[PDB]
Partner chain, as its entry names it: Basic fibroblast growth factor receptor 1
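One chain comes next, on its own, written out as structure tokens in the form solved without the partner chain.
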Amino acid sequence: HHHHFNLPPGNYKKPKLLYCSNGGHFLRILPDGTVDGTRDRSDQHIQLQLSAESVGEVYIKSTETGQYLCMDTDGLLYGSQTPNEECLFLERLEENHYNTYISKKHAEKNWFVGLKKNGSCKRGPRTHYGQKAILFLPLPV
């Protein structure tokens, strides 16, 4: 256990949008497996369905294409048709408000899911506690 255990309220009953306070982008997983951000609320690839594996463990999946969000050994986010160890994230509360997602596999290295102000996905090694890019607010669809 290298991380705290403060959990966010809410549930996984319904799909959500993942709003990043950083640049105001919605996490998007494109059909070809490309992960990025977009401010366009009409985009069909921003609706995400999360599910828990164990308390605090989640699977973030695109309801449209059915791809799972994952992070490779270089800290790059990608979409997979099937879920593997790289697609599990530790969902936590941050600043007593937001939701953060740490790569479970690379948990000891503090790699988070994050979005830059220009809408580009941050690379694992480039993220760390205290950033805005790692802060998410799950919004209804």
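Residue numbers count along the first chain shown, from 1.
What comes next is about the form deposited with the partner chain bound, which does not appear here.
Does the 4.5 Å heavy atom contact test between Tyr59 and the partner chain in the deposited bound form come out positive?
Heavy-atom contact with the partner chain at 4.5 Å: present for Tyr59.
Contact label in the deposited bound form: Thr63 to the partner chain, heavy atom within 4.5 Å:
It does not: once the partner chain is placed as it appears in the deposited bound form, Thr63 has no heavy atom within 4.5 Å of it.
4.5 Å heavy atom contact, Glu91 and the partner chain in the deposited bound form:
It does: once the partner chain is placed as it appears in the deposited bound form, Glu91 has a heavy atom within 4.5 Å of it.
Can you tell me whether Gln47 touches the partner chain? I mean in the deposited bound form, with a 4.5 angstroms heavy atom cut-off.
Judged by the heavy-atom cut-off of 4.5 Å, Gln47 is well away from the partner chain in the deposited bound form.
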